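Consider the single chain below, provided in structure tokens and representing the form deposited in one PDB entry.
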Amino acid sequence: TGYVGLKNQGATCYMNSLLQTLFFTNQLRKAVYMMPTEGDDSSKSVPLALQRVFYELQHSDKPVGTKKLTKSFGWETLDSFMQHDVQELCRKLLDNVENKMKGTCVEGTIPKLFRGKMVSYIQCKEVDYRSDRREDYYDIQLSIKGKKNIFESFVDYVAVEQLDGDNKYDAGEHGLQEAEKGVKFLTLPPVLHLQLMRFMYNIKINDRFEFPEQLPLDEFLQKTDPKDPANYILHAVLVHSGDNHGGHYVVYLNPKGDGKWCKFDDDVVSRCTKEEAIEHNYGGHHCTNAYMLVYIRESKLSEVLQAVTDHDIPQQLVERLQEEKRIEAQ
């Protein structure tokens, strides 16, 4: 296959799945390597622990462990990961990583890859007041309940919500008012993280839900751009088999963005057909389905998946991890 797996070391649920996803964000991996960890304490550094995992994932022949990583950010108890979702983990990690990249030469690699722009508006009906506020996002939570496919989830996400009755909007000087509230997309990031809301208040929905290999998003933008349309390529499918309580977690990746998919199941990585990565995870009348999707903007595919080399890893990092290996071999 060419790639190595991560160890099963407890009920870390989505973690290993997310680590492979980030690791094959080749642009992001190179930045993580540059972070100034030389003076950090392993027992407490999240940025170092993630350098270790990625370095190990790029060079190790054998399943890579994560215990220094779970120790770093303090999710160490039996049910620590059962009490959070991927989206919390992903934001905990990347935000820990970006705070370390600040004041450094790779400041802002995270928002470049992951952050998009939204507008949320409240528009009064019988009165002429409007409030437009721009929001940044690093991922999108899409509702799946009673939607056939990702297009309908996007339809529902930008659908207007009405404010009336006991719910009227406080228009300030204008008093209480009937108004419309919704969101539009200003920008979509090069790397698009879509969580699929199968897990809700505390149960798992296993209904069929379709997503494509190629995801055209132009029609949900406020203003579009030729020479850079919002065409998106499916890079990762994070899969859960079972019901809410207990399950197996796996990730399907075509790491080069070339349509050649592998399955990453903790320590076993095999090639699989496209149909197994995609349609076989739609769910429906069993319990094996996607709860998170990673799309890469087609125009930025080549760059986001730029090849990484042993040269892209700083020598002083290489040195620190090696002495760590040697001390352990005793």
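One rule holds for the numbers: they count along the sequence shown, beginning at 1.
Just so you know, the form solved in complex with a small molecule exists too; it's not on screen, but the next bit is about it.
Q | Of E178, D85, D218, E107, the one that lies within 4.5 Å of the small molecule in the deposited bound form (heavy atoms) | A | Flagged contact: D85.
Q. Within 4.5 Å of the small molecule in the deposited bound form, heavy atoms considered, which of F73, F199, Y121, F151?
A. Of the listed residues, the single hit is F199.
Q.
Taking the small molecule as it sits in the deposited bound form, is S131 near enough to touch it, meaning that at least one heavy atom pair lies within 4.5 angstroms?
A. Because no heavy atom of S131 falls inside 4.5 Å of the small molecule in the deposited bound form, the answer is no.
Q: May I ask you to state whether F264 is within 4.5 Å of the small molecule in the deposited bound form, using heavy atom distances?
A: It does not: once the small molecule is placed as it appears in the deposited bound form, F264 has no heavy atom within 4.5 Å of it.
Q: Indicate whether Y249 is a 4.5 Å heavy atom neighbour of the small molecule in the deposited bound form.
A: Residue-level check for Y249: yes, a contact with the small molecule.
**Q.** 4.5 angstroms heavy atom contact with the small molecule in the deposited bound form for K204
**A.** Answer yes; at least one heavy atom of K204 falls within 4.5 Å of the small molecule in the deposited bound form.
Q.
Within 4.5 angstroms, counting heavy atoms, which one of the listed stretches 253-261, 238-246, 123-131, 218-226 is next to the small molecule in the deposited bound form?
A. Partner-contacting stretch among the options: 238-246.
Q) Looking at the small molecule in the deposited bound form, is some heavy atom of each of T25, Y232 and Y295 within 4.5 Å of it? A) No, the whole trio is out of contact, none within 4.5 Å by any heavy atom.
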